[PDB]
Amino acid sequence: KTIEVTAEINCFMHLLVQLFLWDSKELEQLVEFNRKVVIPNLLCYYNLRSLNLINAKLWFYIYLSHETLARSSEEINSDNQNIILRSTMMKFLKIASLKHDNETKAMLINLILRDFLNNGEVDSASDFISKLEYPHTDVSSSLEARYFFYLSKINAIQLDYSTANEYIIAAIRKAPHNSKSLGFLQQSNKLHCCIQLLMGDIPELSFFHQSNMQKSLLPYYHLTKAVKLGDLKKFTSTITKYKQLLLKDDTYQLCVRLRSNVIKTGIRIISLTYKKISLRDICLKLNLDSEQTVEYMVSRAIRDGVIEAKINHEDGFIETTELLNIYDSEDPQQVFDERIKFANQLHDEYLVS
Amino acid sequence: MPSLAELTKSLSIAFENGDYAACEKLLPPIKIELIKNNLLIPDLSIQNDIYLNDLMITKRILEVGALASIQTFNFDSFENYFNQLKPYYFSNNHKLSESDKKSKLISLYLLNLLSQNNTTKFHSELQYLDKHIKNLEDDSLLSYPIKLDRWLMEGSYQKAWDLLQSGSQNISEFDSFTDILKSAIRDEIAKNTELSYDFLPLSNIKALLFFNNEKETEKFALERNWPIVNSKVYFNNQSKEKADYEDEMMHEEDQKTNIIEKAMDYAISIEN
Amino acid sequence: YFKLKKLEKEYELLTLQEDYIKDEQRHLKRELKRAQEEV
Amino acid sequence: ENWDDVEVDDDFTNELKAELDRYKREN
Amino acid sequence: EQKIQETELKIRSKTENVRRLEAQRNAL
Amino acid sequence: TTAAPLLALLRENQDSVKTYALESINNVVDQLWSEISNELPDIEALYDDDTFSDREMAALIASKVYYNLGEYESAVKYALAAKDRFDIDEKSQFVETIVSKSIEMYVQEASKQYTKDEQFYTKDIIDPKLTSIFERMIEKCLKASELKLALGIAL
């Protein structure tokens, strides 16, 4: 009548464990079996005065059947049922309001945003910024790895580098689990190791073996001989033989930045970092491309801010500006803004707990 | 391509050669008259219907607003109609929407984004396909814009120049857009020239910007505000006060005031 | 419905009891050394 | 250890003996 | 109504801070 | 086609141009309104069009787009001009949330303008349609003539 309904709330996720892994047969009917919980005796019964009684793992088992492409594949290959599911995933967003969903609302957009990898508009995420501002109630256990893991691929569009350093840590925090050690931990270091070749360096080649298989990161170690050293010849031989390893998820599209660093970092291995350079000395290492197009190599990196240089049209005199006057006014201030907010960051937590 | 009854089929009569002026004016009446029926938009209210007044006709309504819009250079008949055309293909995933015109209209407008000048929007539409190598790379239609924006931003013009010139699509798929793509290769040369060249000769301009006459060279310098003197051309690129947006740079007066606040008002939170 | 008029009881308690002690913390610290040095 | 430690090109042996023979033959 | 729920949700948030203000006052 | 030329389709007779697509939208507008970020200037343009007679529905759309945005004033004031475009018997969150906002916003002009004039809702000082929405959800529970439910409103 009253108490008997409350005691059956925790009975949802109990018996649904044995319906995962081993027996995958028709898991979309389980969604219809989940609908027996969803519509009746939940939305039409409760007054929506409760918060902690709704978890993100309720509907999380739906999309897990879409990437199988073997047994379930929705109810049909046409994938016409996901139209209702698209409104079903967002059905709880309308339930989230000013006075409703002070906690679960945080975990709603996430799985919806985690669904935007290969399907769904990713430009609405810029429009989701208006509704993205909420106070964070708590972080418990497995959230840390579930925020930016799939979102580490956002930087594969906007063409940005330094941002990937801050958000790649979310993939390696509490990454290994019982069933996630093989499945979700491999993709963590695959996106982590490539970012280590974009700006910084790899601390150790064998340090990543304890988490991800070294053979999976093996081609990235050969790219260190090419991308990190800025060599185009050894880069083409690496992509050709390892192209089979590039057939994984979003492992091909990261090669766009791998071949761009060959030009960017290639300037660094060349003496262009030094002040006085001539074009006839430049054509030696860049001979693999051409002569007259070298002026496009240096000039492109000047507007982006990698290195500044002056090019002569006759003999190709290269004068690169070396700034010894930096870190004087307003240059360190960008770092000073972070050092100021670190004091009260951990100090205000003492008043809370 | 004959017609039947309504104006949608009549748009194929003039589709052969030209005559796209009157076809654009027939778009509003044919779109309004089909609203009275509830089967126009291919929603889930139907049951397995590919027939007229549902799907197949809706694909041929906006062809004039897409194909002819690229031919006749009209951007007002495309944008919102293309934003309305996107859900017609698929709401999430649909495997029966494949067509020979899907890899054409989309691939041509990705390069048309230079008007808004957005790199993120270019690669955003490329992530909505479940298959990339099979779709984008294996098809010469969808691989043309990918090879450009990749090679243009990396700095190599020469490899990207032979794609438009020596490419095999010059016969059919390359007709309308020319100066937009051709100049975009040489548009970034002057932007890189600001801090690169302090002087350039008039003889080497023909090998870079491909300007055979000094008229177009001087007209571009007037809009970009460059000094022009005898023989070579002096380059300066002088800045000014109050640069763009993003305050706490050059904008607000006495930026040290906040620094004073960080040395004083910040200490307020330390005590209490 | 009628409870809304009584929801301002505990809501106004924590607001009046907050700034009351916060200002006193600076007075008790200054008045500390007055009696501390007095003995 | 970074890539410079695990690199080990083993080219120091051949390049040293070659440069010594080139200078002696320029006499 | 939101006026009923929003007023109650502002109690438990400020409760812990006021408790330690009295503890610091009693410590002095 | 930007938001401005969309009014040219209203220079002829169709009221369903944006309404015919609202079959699966108009109810869920509290969800998909993120795509209207580019159509924001078109929202107020539909209400000021005389040839467009669904502006009351467009006024209701203006309330549902600014609802989840966090603005309670726009989620109400734009719904006064709609008269009845929507059934209040659903008793969803859209029904109950406005009840709390319609009472709170009514007090804003209550304790001030009442000192000068007794009736502040008759003239143009405040939208007179506030009485119309006051006769919908508020008088729905007043059918039994119970003052206990209207007690705090008159205070």
# chains A, B, ... in the order shown; residues from 1 in each chain; ligands from 1

$ interface_residues --of "chain A" --to "chain F" --cutoff "8 Å" --atoms "only C-alpha atoms" --output "PDB file with N, CA and C atoms, in the first residue's frame"
ATOM      1  N   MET A  90      16.085  12.145 -23.390  1.00  0.00           N
ATOM      2  CA  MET A  90      15.806  13.520 -22.999  1.00  0.00           C
ATOM      3  C   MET A  90      14.498  13.664 -22.231  1.00  0.00           C
ATOM      4  N   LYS A  91      13.749  12.574 -22.042  1.00  0.00           N
ATOM      5  CA  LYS A  91      12.498  12.654 -21.293  1.00  0.00           C
ATOM      6  C   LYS A  91      12.739  13.076 -19.850  1.00  0.00           C
ATOM      7  N   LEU A  93      15.182  15.058 -18.955  1.00  0.00           N
ATOM      8  CA  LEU A  93      15.648  16.440 -18.937  1.00  0.00           C
ATOM      9  C   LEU A  93      14.494  17.404 -18.690  1.00  0.00           C
ATOM     10  N   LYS A  94      13.326  17.124 -19.272  1.00  0.00           N
ATOM     11  CA  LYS A  94      12.150  17.941 -18.990  1.00  0.00           C
ATOM     12  C   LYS A  94      11.692  17.770 -17.548  1.00  0.00           C
ATOM     13  N   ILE A  95      11.864  16.573 -16.983  1.00  0.00           N
ATOM     14  CA  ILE A  95      11.556  16.364 -15.571  1.00  0.00           C
ATOM     15  C   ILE A  95      12.483  17.202 -14.701  1.00  0.00           C
ATOM     16  N   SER A  97      14.049  20.401 -13.494  1.00  0.00           N
ATOM     17  CA  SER A  97      13.540  21.765 -13.510  1.00  0.00           C
ATOM     18  C   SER A  97      14.207  22.537 -12.377  1.00  0.00           C
ATOM     19  N   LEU A  98      13.678  23.729 -12.092  1.00  0.00           N
ATOM     20  CA  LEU A  98      14.237  24.557 -11.028  1.00  0.00           C
ATOM     21  C   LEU A  98      14.160  23.849  -9.679  1.00  0.00           C
ATOM     22  N   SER A 124      25.120  20.772 -30.469  1.00  0.00           N
ATOM     23  CA  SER A 124      24.206  21.119 -29.391  1.00  0.00           C
ATOM     24  C   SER A 124      24.910  21.191 -28.044  1.00  0.00           C
ATOM     25  N   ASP A 127      25.301  24.568 -27.290  1.00  0.00           N
ATOM     26  CA  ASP A 127      24.026  25.084 -26.812  1.00  0.00           C
ATOM     27  C   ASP A 127      23.656  24.532 -25.442  1.00  0.00           C
ATOM     28  N   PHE A 128      24.201  23.373 -25.065  1.00  0.00           N
ATOM     29  CA  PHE A 128      23.979  22.826 -23.731  1.00  0.00           C
ATOM     30  C   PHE A 128      24.734  23.590 -22.653  1.00  0.00           C
ATOM     31  N   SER A 130      24.299  26.631 -21.792  1.00  0.00           N
ATOM     32  CA  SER A 130      23.339  27.433 -21.039  1.00  0.00           C
ATOM     33  C   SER A 130      22.728  26.635 -19.894  1.00  0.00           C
ATOM     34  N   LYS A 131      22.449  25.354 -20.123  1.00  0.00           N
ATOM     35  CA  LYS A 131      21.928  24.470 -19.089  1.00  0.00           C
ATOM     36  C   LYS A 131      23.023  23.692 -18.370  1.00  0.00           C
TER      37      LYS A 131
END

$ interface_residues --of "chain F" --to "chain C" --cutoff "9 Å" --atoms "only C-alpha atoms" --output "MDAnalysis selection string"
chainID F and resid 148:149 151:152

$ write_last_selection --atoms "C-alpha atoms" --output "tab-separated table (two decimals), in the first residue's frame"
chain	number	residue	atom	x	y	z
F	148	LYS	CA	-7.88	28.16	2.76
F	149	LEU	CA	-6.27	27.60	-0.64
F	151	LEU	CA	-5.56	32.49	1.92
F	152	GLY	CA	-1.92	33.32	1.20

$ select_by_dssp --residues "segment 15-232 of chain A" --states "helix (DSSP H, G or I)" --output "PyMOL selection string"
chain A and resi 27-43+63-65+82-89+91-95+104-114+124-127+143-146+150-153+155-158+162-167+169-172+183-196+207-209+218-226

$ residues_around --residues "residue 41 of chain F" --least-positions-apart "5" --cutoff "12 Å" --atoms "only C-alpha atoms" --output "PyMOL selection string"
chain F and resi 2-7+36+46-48+62

$ write_last_selection --atoms "C-alpha atoms" --output "tab-separated table (two decimals), in the first residue's frame"
chain	number	residue	atom	x	y	z
F	2	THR	CA	18.06	33.39	-41.43
F	3	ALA	CA	15.38	34.17	-38.84
F	4	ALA	CA	14.37	37.42	-40.56
F	5	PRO	CA	13.14	36.03	-43.94
F	6	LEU	CA	11.02	33.43	-42.10
F	7	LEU	CA	8.34	36.13	-41.79
F	36	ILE	CA	16.23	27.79	-30.99
F	46	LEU	CA	6.15	35.81	-34.39
F	47	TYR	CA	4.15	37.57	-31.67
F	48	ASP	CA	4.24	40.97	-33.41
F	62	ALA	CA	8.45	31.71	-25.61

$ interface_residues --of "chain A" --to "chain E" --cutoff "8 Å" --atoms "only C-alpha atoms" --output "PDB file with C-alpha atoms, in the first residue's frame"
ATOM      1  CA  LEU A  98      14.237  24.557 -11.028  1.00  0.00           C
ATOM      2  CA  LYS A  99      12.774  22.654  -8.059  1.00  0.00           C
ATOM      3  CA  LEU A 351      35.282  24.988   7.173  1.00  0.00           C
ATOM      4  CA  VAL A 352      33.153  22.446   5.290  1.00  0.00           C
TER       5      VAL A 352
END
